[PDB]
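Asks: Here's a structure for you.
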Amino acid sequence: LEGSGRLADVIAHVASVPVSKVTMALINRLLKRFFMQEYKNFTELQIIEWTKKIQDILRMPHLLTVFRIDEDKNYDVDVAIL
Amino acid sequence: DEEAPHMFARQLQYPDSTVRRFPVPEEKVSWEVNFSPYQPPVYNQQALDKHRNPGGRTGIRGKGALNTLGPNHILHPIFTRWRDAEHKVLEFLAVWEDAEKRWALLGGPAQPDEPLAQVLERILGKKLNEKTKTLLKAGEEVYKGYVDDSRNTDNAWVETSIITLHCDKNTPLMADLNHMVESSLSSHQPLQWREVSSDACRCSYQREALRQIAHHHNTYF
């Protein structure tokens, strides 16, 4: 995952806390915060679907990696893939 | 715990007057502690020991722009409904004064022992109260108690009771009231069911009321 975007910033902020900590209020707060426009068009049931998808993504931590491209610290896309 | 003293009642200059309130620090606000040189001037607009302010010391003595000493009460009913048919947003029949140009509430001065039907007829301009007769059993009890205000003194203060009546999707008692919705009270030149929100950037007493309405509504999902 890229460390700059809108849904990529959601998982880049969720991937610090443990799995128990995340709730439906936190993801609703982050969706209001990152999708500034078009947040309104979302159904609560669709929010209930994402808020299960995101914990099933966070369940296996050895397939999920956030990187951040910066040439000063000698870090690029190949480093993240490797 | 936080913001314990009242802060709109200790403005150094009294509103619409030349008199100045006494200076009162934040430590000596409450009635428990004693201020040794405490001597506020007494200047009633146009039995001053009958009551005590529930908030605290204020540095102004008398009856400041009020018909009575003690509490002056104002009821604030909010006639709310849905905005669209698909229930995507909410709305409230708020007023917007021609002098202030701000979306204010429609709530008037509730007298001591005032009937709610005739007071709502005065505050709404009821040429048709049969809709409010069928909607008389609607919702209420949003908030109740003390209101910080510039007008508060040591003797007189302002208390309010917030009530919110949110109708159904159709709101059958709203068609006659919207047909009777014109420039009746002569202060609010527009008056319609503008879209409600969770606005804490509103009128001071009304912002917590809208936040409480949103905390009621949206918390379930």
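Asks: Return the residue satisfying two criteria in turn: it lies in the stretch A:27-55 and is under 12 Å from the mean Cα position of the chain (by Cα) and over 13 Å from A:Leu7 (Cβ atoms), and of such residues it is farthest from the other protein chains (Cβ to nearest Cβ).
Replies: Among them, the one singled out is A:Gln55.
Asks: Could you tell me whether A:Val66 is more than 14 Å from every other protein chain (Cβ to nearest Cβ) and surrounded by 13 or more Cβ atoms within 10 Å (Cβ to Cβ)? Can you show your working first?
Replies: Values: more than 14 Å from every other protein chain (Cβ to nearest Cβ): yes; surrounded by 13 or more Cβ atoms within 10 Å (Cβ to Cβ): yes.
Spelling it out, A:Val66 is indeed more than 14 Å from every other protein chain (Cβ to nearest Cβ) and surrounded by 13 or more Cβ atoms within 10 Å (Cβ to Cβ).
Asks: Mind listing just one residue for me: the one in the stretch B:46-82 that is within 13 Å of B:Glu159 (Cβ to Cβ) and not in a loop (DSSP other than H, G, I, E, B) and, of those, farthest from the chain's Cα centre (by Cα)?
Replies: Once the filter is applied, the top-ranked residue is B:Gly70.
Asks: Let me spell it out: the conditions are (1) surrounded by fewer than 16 Cβ atoms within 10 Å (Cβ to Cβ); (2) among the acidic types (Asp, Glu); (3) assigned to a strand (DSSP E or B), and B:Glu91 meets all of them except one. Which number is the exception?
Replies: Unmet for B:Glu91, out of (1) surrounded by fewer than 16 Cβ atoms within 10 Å (Cβ to Cβ); (2) among the acidic types (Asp, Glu); (3) assigned to a strand (DSSP E or B): (1).
Asks: For the stretch B:80-109, what are the residues that are among the hydrophobic types (A, V, I, L, M, F, W, C) and farther than 23 Å from B:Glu140 by Cβ?
Replies: B:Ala85, B:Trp96, B:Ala99
Asks: List pairs: first residue in the stretch B:193-221 and within 13 Å of another protein chain (Cβ to nearest Cβ), second residue assigned to a helix (DSSP H, G or I) and of a type outside the set (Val, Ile, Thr) anywhere in the structure, Cβ distance under 6 angstrom, at least six positions apart or on different chains.
Replies: B:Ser198/B:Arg211; B:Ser198/B:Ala214; B:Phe221/A:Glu44
All Cβ positions, even for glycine, are placed from backbone atoms using ideal geometry, and neighbour counts span all protein chains on display. Every number here is computed from the coordinates shown, using simple stated rules; none is lab data.
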